[PDB]
Amino acid sequence: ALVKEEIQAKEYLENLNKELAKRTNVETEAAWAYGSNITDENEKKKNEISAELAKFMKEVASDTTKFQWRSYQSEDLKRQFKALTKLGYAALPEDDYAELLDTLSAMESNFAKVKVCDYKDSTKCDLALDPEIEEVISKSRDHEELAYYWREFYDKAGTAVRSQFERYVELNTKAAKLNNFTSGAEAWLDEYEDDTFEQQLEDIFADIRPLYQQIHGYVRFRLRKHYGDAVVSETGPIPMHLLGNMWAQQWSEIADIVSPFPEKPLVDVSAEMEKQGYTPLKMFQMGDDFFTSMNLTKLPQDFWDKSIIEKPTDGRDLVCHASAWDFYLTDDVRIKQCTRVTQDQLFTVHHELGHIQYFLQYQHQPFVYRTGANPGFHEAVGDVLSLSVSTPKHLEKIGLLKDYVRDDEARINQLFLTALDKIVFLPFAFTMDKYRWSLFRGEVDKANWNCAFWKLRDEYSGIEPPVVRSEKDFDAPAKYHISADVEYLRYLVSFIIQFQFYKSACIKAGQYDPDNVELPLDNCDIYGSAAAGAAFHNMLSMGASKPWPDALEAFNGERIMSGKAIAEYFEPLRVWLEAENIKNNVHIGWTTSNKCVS
Ligand SMILES: *[C@@H]1O[C@H](CO)[C@@H](O[C@@H]2O[C@H](CO)[C@@H](O[C@@H]3O[C@H](CO[C@H]4O[C@H](CO)[C@@H](O)[C@H](O)[C@@H]4O)[C@@H](O)[C@H](O[C@H]4O[C@H](CO[C@@H]5O[C@H](CO)[C@@H](O)[C@H](O)[C@@H]5O)[C@@H](O)[C@H](O)[C@@H]4O)[C@@H]3O)[C@H](O)[C@H]2NC(C)=O)[C@H](O)[C@H]1NC(C)=O
Ligand SMILES: [Zn+2]
């Protein structure tokens, strides 16, 4: 009888979820030890325990067939069983899974161990991406120096792992097909529980794309005035090494040379943070303060005891790209961040604490539900707070922004600064997964893999390498997430929905009213708002217990992912920028790049 079996199934799930949490704890501890301290021994430990968990997952997926779960009355039970059928990489045969783990750790460790020689001192070769190289890329205005560090990094972080990346693509594809997905693209897209998700994103992107073109055109115009026409052409793609970021993903670091009104204030609180004696500990304490001020959960003692919030001063290798960790017990959550005292890093702290808050909010859920409504939701949480932290309103409250006059021109400066991070990022994020999807789907021949990457970067972002590349180079893995096998569409989703969350949180806080000039969206601070916090609690506590539109509905009553909010935020900028580009006869669009030889 199905009635009797469904009762037994509920008991089966309750026990299994608890077992899965406990087994995942062990894997997470080994992964933590490796990420904090990269050694051959720790790699072996991490990968052996993962292989053990994978074997158990196989048994679980096999055991689900003993239950007639598709026939059950409970949508909740059926959802849990469905989650258990999805094996991912664990679907691979024992030997193939072990090889993939070896391949993945080889790529991540390569990225983490990259060291380059100093541009001025060829005998000093201990410059790592974080913080040495990134500091130069963000601060230097010497185009030849920038080009040097670009080439050195991409050669070492990208090209060096071509063979490993090829095997990764093969095994990822094999895994996807064993789960009966067409490719790893479909496997990744399954996390969004919507068969029209790609088209939805194409539609939203197409709406925002014209604004991006205007920003691109204006930045190119301003860069020409700084570097001269020998470095930057009017009609070509922007040389990417000039954009203040190794991957040209966000351009805020060059705001001082491209700001609409250079004689008016531009928010850069890094210097005032240092003057006031800010430390990584203080920054995390301030993040904790922001969450608690919204009536959300305080960081547990385990977080303070076990987190790594500064780059270790011994000679050891580690993954410095910031991460948050859920150990699937009670209150055992951690962050690993090589944090520096800068404005950008203050946002990163809040970003990572957003993940931690999500962990704490759903820790009461059964194991399979202890994850985000979709991957984009998890990435969005901290960014909503970062948007308010970034406002002149908030920065003045914490004494980091002094003698600031918020006139029309200063507002345009701030909107443009935000756009250099939020709008600029959209085509970048889309191309990261458009690229990997095309490889996963077998749409690009191996002989064309590198120029296929740069073709997308050209088509969507209108940027190009500083030097001519070819199929002898392999540049994609020079981006952390590509070497680390981290799906990237989550960030495109995040950057869209975070404005939906921000707008609604601001309205709930009484901080935004479209008909009130005194309450603009771009100066909303949700600090101290219990009303905004309540919306977060209602959504985050759900975890993955319901499809993501139900989680969005819990927040603000909406069920649709929409670009309306992000466009609303930047509308005052759009109006000004379109007019400024016409006034200055600014060329919009770009010719096809010549920087990748087929
Ligand atoms: C991805 O898709 C794959 C298909 O492309 C899929 O692989 C299939 O999984 C099926 C299991 O659901 C499996 O079906 C079984 O087939 C057995 C015989 O197959 C052999 O010969 C085939 C050639 O004809 C070969 O290709 C195979 O390699 C095999 O050598 C059958 O013996 C078996 O049957 C038994 O089970 C059914 C199922 O019963 C169900 O559950 C209850 C039980 O209480 C029933 O009441 C209910 O009605 C329901 O039917 C019983 O009905 C029956 O009495 C037997 O006990 C079964 O049909 C199939 O072989 C396999 N491969 C192929 C090529 O089809 C993967 O599972 C998919 N992967 C994922 C992750 O989803
Ligand atoms: Zn994140």
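Going letter by letter, the sequence shown gives residues -1, 1 to 597 in mature numbering (1 follows the signal peptide of the UniProt record, and there is no 0). C-beta atoms are modelled at their ideal positions from N, C-alpha and C, and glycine is treated no differently.
| Query | Result |
| --- | --- |
| Contained alpha helix (DSSP H) runs [length at least 4] in the segment 431 to 489, N- to C-terminal order | 448 to 455 and 479 to 482 |
| Rounded C-alpha distance that separates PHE346 from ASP382 | 7 Å |
| Assigned secondary structure, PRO238 (DSSP; H/G/I helix, E/B strand, else coil) | strand |
| Euclidean distance between Cα positions of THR591 and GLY235 | 7 Å |
| Residue of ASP267, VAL380 and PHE427 minimising C-alpha distance to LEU394 | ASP267 |
| With 16 other Cβ atoms within 10 Å as the buried cut-off, status of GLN198 | exposed |
| Under the three-state DSSP convention, the category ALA323 falls into | strand |
| Selected residue, minimal CA-CA separation from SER306, among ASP331, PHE290 and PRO209 | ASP331 |
| Beta-ladder partner(s) of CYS595, from DSSP | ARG468 |
| Pick from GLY286, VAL218 and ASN412 that is closest to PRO571, judged by C-alpha positions | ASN412 |
| beta-carbon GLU378 near ligand 2 non-hydrogen atom, thresh 7 Å | yes |
| The segment 204 to 215 in contact with the segment 569 to 583 per 3-pair CB rule at 8 Å | yes |
| Within 8 Å, strictly: CB atoms of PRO476 and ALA156 | yes |
| Coil, strand or helix - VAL380 by DSSP | helix |
| Alpha carbon of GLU192 to alpha carbon of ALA30, nearest angstrom | 28 Å |
| Ligand 2 heavy atom lying under 7 Å from the CB of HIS350 | yes |
| Cβ separation of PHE424 and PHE494, assumed to be a contact under 8 Å, to the nearest whole Å | 6 Å |
| Local conformation of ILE307 per DSSP, three classes | strand |
| Option nearest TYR501 by Cα separation, candidates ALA553, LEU19 and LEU384 | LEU384 |
| For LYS123, the first and last residue of its enclosing beta strand (DSSP E) | From DSSP, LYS123 is part of no beta strand (DSSP E); its letter is neither H nor E. |
| Bounding residues of the alpha helix (DSSP H) (the contiguous stretch that carries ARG333) | Per DSSP, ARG333 belongs to no alpha helix (DSSP H); it is in the beta strand (DSSP E), 332 to 335. |
| Distance CB(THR27)-CB(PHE302) smaller than 8 Å | no |
| Contact under 8 Å by Cβ, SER137 with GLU273 | no |
| Of the residues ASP444, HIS354, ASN580 and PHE66, the one placed nearest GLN212, counting alpha carbons only | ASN580 |
| Proximity below 8 Å, CB of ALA254 to CB of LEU419 | yes |
| Beta-carbon proximity check, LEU91 vs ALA60, cutoff 8 Å | no |
| Near ligand 2: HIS480 beta-carbon under 7 Å from a heavy atom | no |
| Collapsed DSSP secondary structure at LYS85 in the structure displayed | coil |
| Nearest-angstrom Cβ-Cβ length linking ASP474 and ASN449, presumed shorter than 8 Å | 6 Å |
| Sheet register partners of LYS114 (DSSP bridge) | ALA127 |
| Reference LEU491, options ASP521, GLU577 and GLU201, closest by Cα | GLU201 |
| Beta-carbon proximity list for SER139, same chain, < 7 Å, skipping 5 on both sides | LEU145 |
| Where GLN344 falls: helix, strand or coil (DSSP) | helix |
| Range of the contiguous alpha helix (DSSP H) that encloses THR23 | 1 to 35 |
| Touching by the beta-carbon criterion (3+ pairs, under 8 Å), the segment 463 to 474 and the segment 524 to 534 | no |
| The segment 66 to 75 / the segment 149 to 168 touching (three or more Cβ pairs under 8 Å) | no |
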